[PDB]
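Read through the structure below, which is laid out as structure tokens, and then see the notes.
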Amino acid sequence: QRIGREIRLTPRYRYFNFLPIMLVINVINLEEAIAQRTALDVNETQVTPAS
Amino acid sequence: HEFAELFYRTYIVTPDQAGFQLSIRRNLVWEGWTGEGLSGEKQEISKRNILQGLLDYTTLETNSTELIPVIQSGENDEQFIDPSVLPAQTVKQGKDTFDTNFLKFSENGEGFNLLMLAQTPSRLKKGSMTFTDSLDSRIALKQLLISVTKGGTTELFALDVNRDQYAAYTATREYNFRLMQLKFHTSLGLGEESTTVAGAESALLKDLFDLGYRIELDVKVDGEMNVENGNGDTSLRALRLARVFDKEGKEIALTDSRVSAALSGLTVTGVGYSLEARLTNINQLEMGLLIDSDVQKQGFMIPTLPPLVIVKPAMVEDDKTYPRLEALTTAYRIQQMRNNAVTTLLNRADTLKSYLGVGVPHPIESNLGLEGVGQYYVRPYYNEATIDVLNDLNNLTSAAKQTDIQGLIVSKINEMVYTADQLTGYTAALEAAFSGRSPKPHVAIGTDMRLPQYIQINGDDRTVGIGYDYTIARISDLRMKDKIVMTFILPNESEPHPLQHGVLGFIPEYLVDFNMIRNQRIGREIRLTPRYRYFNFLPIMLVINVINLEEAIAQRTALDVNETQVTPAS
Amino acid sequence: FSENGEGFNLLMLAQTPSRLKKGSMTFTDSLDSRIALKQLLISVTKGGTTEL
Numbered sequence: 547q548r549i550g551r552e553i554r555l556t557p558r559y560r561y562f563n564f565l566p567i568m569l570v571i572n573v574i575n576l577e578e579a580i581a582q583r584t585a586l587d588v589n590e591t592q593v594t595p596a597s
Numbered sequence: 028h029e030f031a032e033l034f035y036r037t038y039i040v041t042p043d044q045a046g047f048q049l050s051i052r053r054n055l056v057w058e059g060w061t062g063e064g065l066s067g068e069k070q071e072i073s074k075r076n077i078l079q080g081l082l083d084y085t086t087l088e089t090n091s092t093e094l095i096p097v098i099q100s101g102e103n104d105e106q107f108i109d110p111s112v113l114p115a116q117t118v119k120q121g122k123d124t125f126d127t128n129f130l131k132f133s134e135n136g137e138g139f140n141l142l143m144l145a146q147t148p149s150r151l152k153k154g155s156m157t158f159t160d161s162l163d164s165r166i167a168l169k170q171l172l173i174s175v176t177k178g179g180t181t182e183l184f185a186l187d188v189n190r191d192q193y194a195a196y197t198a199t200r201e202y203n204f205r206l207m208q209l210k211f212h213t214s215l216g217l218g219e220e221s222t223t224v225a226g227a228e229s230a231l232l233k234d235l236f237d238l239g240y241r242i243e244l245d246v247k248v249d250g251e252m253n254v255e256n257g258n259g260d261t262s263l264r265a266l267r268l269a270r271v272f273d274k275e276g277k278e279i280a281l282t283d284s285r286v287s288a289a290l291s292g293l294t295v296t297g298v299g300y301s302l303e304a305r306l307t308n309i310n311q312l313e314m315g316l317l318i319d320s321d322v323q324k325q326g327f328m329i330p331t332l333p334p335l336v337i338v339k340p341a342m343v344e345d346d347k348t349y350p351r352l353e354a355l356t357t358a359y360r361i362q363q364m365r366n367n368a369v370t371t372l373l374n375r376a377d378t379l380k381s382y383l384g385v386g387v388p389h390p391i392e393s394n395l396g397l398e399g400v401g402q403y404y405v406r407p408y409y410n411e412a413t414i415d416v417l418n419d420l421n422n423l424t425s426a427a428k429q430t431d432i433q434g435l436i437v438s439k440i441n442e443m444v445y446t447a448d449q450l451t452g453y454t455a456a457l458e459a460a461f462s463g464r465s466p467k468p469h470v471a472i473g474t475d476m477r478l479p480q481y482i483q484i485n486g487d488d489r490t491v492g493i494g495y496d497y498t499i500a501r502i503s504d505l506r507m508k509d510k511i512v513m514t515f516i517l518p519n520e521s522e523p524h525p526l527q528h529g530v531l532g533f534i535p536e537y538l539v540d541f542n543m544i545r546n547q548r549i550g551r552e553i554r555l556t557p558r559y560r561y562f563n564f565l566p567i568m569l570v571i572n573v574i575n576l577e578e579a580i581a582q583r584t585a586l587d588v589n590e591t592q593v594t595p596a597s
Numbered sequence: 132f133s134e135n136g137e138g139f140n141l142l143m144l145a146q147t148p149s150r151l152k153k154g155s156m157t158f159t160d161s162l163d164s165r166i167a168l169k170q171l172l173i174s175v176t177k178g179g180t181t182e183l
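As given, the protein sequences belong to chains C, D and U, one line each in that order.
So the first sequence is numbered by PDB author numbering: it starts at 547 and just counts up by one.
So the second sequence is numbered by PDB author numbering: it starts at 28 and just counts up by one.
So the third sequence is numbered by PDB author numbering: it starts at 132 and just counts up by one.
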């Protein structure tokens, strides 16, 4: 119970691979290290200037 | 200056209209409408933006033409493997839930009709017919289920065979004009990291695997398939233990005592196999995901502002004597552009902070109470961090203190920009917006006079950007003291665009000359009513508050005495 | 008359028995350009006696 025009896209594609070579790096906890930038213990120095 | 237009690209509009009207297009993907209200209550058509698919992989997925076996009690049990060996598996395609399981090697020689086993409940509702359809030219096995048994212990290996090129059906038109052939004749290896279907490691081959050996078996499987009829059969022909490898890739014979004991009595049996079949869909049986276009539009209007006045004697020429027009233009330029620009920038920053919160992104489309149109394209995100110059750093002897300050500032700015980019997905939206061009996203960093000594680090040309382009501007207002503002801009374009930061709505006004009486005087009033407006688009901003910087700078001259007057020695 | 919340969904509110044979609703059902208020009903009441 409908009359409508249809426009269709029927793709024909795929990915193939040849090299049996691949190297992967997995990094974790980078956020903690970057947050350590602001997690340091205060080291203030404020004395009368000397000259 | 440069700072003003750097964040608000000036756009001139004809003085015939009260502003400029903006229309945008949206591409949304349809799932279904949630709820029919027989009480008359509204319907909500669940729509999501397509560019949301830039950051996810799931919200638009299609599986509606794969031919997947469906288990039926009392109708196709004899065509499936024994459920005792492997229970039913749950698989979702479309909106139907059903159970599927692997197809046993038909050594009895009676085949299967693939178009039967894979008729989905949607097709049952759709009707009952599988004979005008046609299978695509691509057919290949998903997995070979080989049973490693020894003394009564059974292990199942779900081996993805689809990634060996000999598992692909090839056309050999030698019986009929639509048959294709399968000949997967090679060796598959079970390595030390081979995992069972349940996910556990191997147990029967654990003895060899802990000794780092690799076991590979020769697989000789044959079959046929017809696209037009759906008739076909595939039966196991030859499977057997083949050879053994060591770490160094040196073959170890099957008769060797170190492996013969662990390989004698080990029977490898082929249980089931599955196929990859797709309908050519020449007959229009399935409707994929439906996507629709709806248009959102907003109107942007320009105000009029309080005027500026020159008093002037009236009896003579207004041209060559007494205060001229450059006074007017200087007052206009200094007042109406700069001050309102910085006021608008600060107000927008605080407004985004107020409505959006810090560090919490919102999905594509959000609260509409924020001006702009990029919210229809990108994820809103606001974040602010306060760097404490004095506390974060500790250096006594002046030398690299300024270098260390640059290190601090660059660290903060880079991390903020990149984390914001990841949580917004700005670059994906940018590359999707333009076809044929895709400039690297440009980051604008404008601040007061003092800080640019730390924005760039010594010794390089890549200062604040590794994959970005940047422009550093300076402003002189006291409000922008020791603070940094960051957002994204696009230099090449000069017209309103959903990805642009903001537009300076400008309408030129002519100055008027007339006759005026003021407090019973006859004077000349040269008048100009300015009209301009600043509009906001991108709900993304990054703010840095630099405090205690003066104390750290003073720490350069606040170091304690470090002197060693020792006698020369050589 | 609509209160603070709640409106009306005229489409399926106007579902007639004949339209049931065509399914609940489609994506090809659109309203005409001309929409008008057909009748306003108001009440004149004195002391609780109501005339419309």
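Note that beta-carbon positions come from the ideal geometry of N, C-alpha and C, so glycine has one too.
Check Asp234 of chain D in the structure and name its three-state DSSP category.
helix
At 7 Å on the CB atoms, spell out the chain D contacts of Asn575 of chain C, in chain order.
The contacting residues do not exist; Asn575 of chain C stays about 15 Å from chain D at best.
Between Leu235 of chain D and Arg267 of chain D, is the Cβ-Cβ spacing less than 9 Å?
no
Listed from N- to C-terminal order along the chain, which residues in the region 132-147 of chain U have their beta-carbon within a distance smaller than 8 Å of any beta-carbon of chain D?
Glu137, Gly138, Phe139, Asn140, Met143 and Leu144
Can you pull out the residues from the region 469-503 of chain D whose beta carbon lies closer than 8 Å to at least one beta carbon of chain U?
none
Of the choices D:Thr490, D:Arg464 and D:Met568, whose alpha-carbon is the least far from that of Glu520 of chain D?
D:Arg464
From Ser425 of chain D to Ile414 of chain D, what distance separates their C-alpha atoms?
21 Å
Going by DSSP, what residue range makes up the beta strand (DSSP E) through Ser174 of chain D?
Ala167 to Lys177
Could you pull the DSSP bridge partners for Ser320 of chain D from this structure?
D:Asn54
For the region 333-361 of chain D, list every residue whose C-beta sits within 7 Å of some C-beta in chain C, in sequence order.
none
Helix, strand or coil: how does DSSP classify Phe562 of chain D here?
Here DSSP, grouped into helix, strand and coil, assigns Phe562 of chain D to strand.
Using a Cβ-Cβ cut-off of 9 Å, state whether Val588 of chain C counts as contacting chain D.
yes
I'd like to know whether the C-beta of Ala579 of chain C is nearer than 9 Å to at least one C-beta of chain D.
no
Is the beta carbon of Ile482 of chain D less than 9 Å from the beta carbon of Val491 of chain D?
yes
Is DSSP giving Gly326 of chain D helix, strand or coil here?
strand
Quick one: does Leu423 of chain D have its CB under 9 Å from some CB of chain C?
yes
Taking 9 Å as the threshold (C-beta atoms), are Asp487 of chain D and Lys508 of chain D in contact?
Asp487 of chain D is positioned such that its CB atom lies no closer than 9 Å to that of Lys508 of chain D.
Would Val175 of chain D and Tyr240 of chain D qualify as a contact pair, given that the criterion is a beta-carbon distance under 9 Å?
Cβ distance not < 9 Å, so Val175 of chain D and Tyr240 of chain D don't count as in contact.
Classify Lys439 of chain D: buried if its beta carbon has 16 or more other beta carbons within 10 angstroms, exposed otherwise.
buried
Name the two residues that bound the continuous alpha helix (DSSP H) containing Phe272 of chain D.
From DSSP, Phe272 of chain D is part of no alpha helix (DSSP H) but of the beta strand (DSSP E) over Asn258 to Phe272.
Identify the contact partners of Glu522 of chain D in chain U, using a Cβ-Cβ distance below 7 Å as the criterion.
Correct list: empty, because the minimum Cβ distance to chain U is about 33 Å.
Would you mind telling me which residues of chain C sit closer than 8 Å to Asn308 of chain D, beta carbon to beta carbon, in chain order?
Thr556
Taking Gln208 of chain D as part of the beta strand (DSSP E), name the residues at either end of that continuous run.
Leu206 to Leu217
Count the other CB atoms within 10 Å of the CB of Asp43 of chain D; is the residue buried (16 or more) or exposed (fewer)?
Around the Cβ of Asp43 of chain D, a 10 Å sphere holds fewer than 16 other Cβ atoms; the residue is exposed.
Under three-state DSSP, which class holds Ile553 of chain D?
strand
Around the Cβ of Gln582 of chain D, are there at least 16 other Cβ atoms within 10 angstroms (buried) or fewer (exposed)?
buried
Distance, Cα to Cα, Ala145 of chain D vs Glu255 of chain D?
15 Å
Going by C-alpha distance, which of D:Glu590, D:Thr261 and D:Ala368 is nearest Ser301 of chain D?
D:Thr261
For the alpha helix (DSSP H) containing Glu442 of chain D, list its first residue and its last residue.
Unbroken alpha helix (DSSP H) run through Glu442 of chain D: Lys428 to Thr451.
Between the region 546-565 of chain D and the region 396-413 of chain D, are three or more C-beta pairs nearer than 8 Å?
yes
With contact counted as at least three CB pairs below 8 Å, one residue from each stretch, are the region 302-317 of chain D and the region 272-283 of chain D in contact?
With a cut-off of 8 Å, the region 272-283 of chain D and the region 302-317 of chain D do not count as touching, because too few Cβ pairs lie within range.
Going by DSSP in three states, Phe34 of chain D sits in which element: helix, strand or coil?
helix
Which residue wins for smallest C-alpha separation from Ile534 of chain D, given the options D:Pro350, D:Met207 and D:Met364?
D:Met364
Excluding the five sequence neighbours on either side, which residues of its own chain have a C-beta within less than 7 Å of the C-beta of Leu317 of chain D, listed in chain order?
So the list reads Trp57, once near-sequence residues are dropped.
Could you check the C-alpha separation between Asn418 of chain D and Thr514 of chain D for me, to the nearest Å?
27 Å
Three-state secondary structure (DSSP) at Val570 of chain C?
coil
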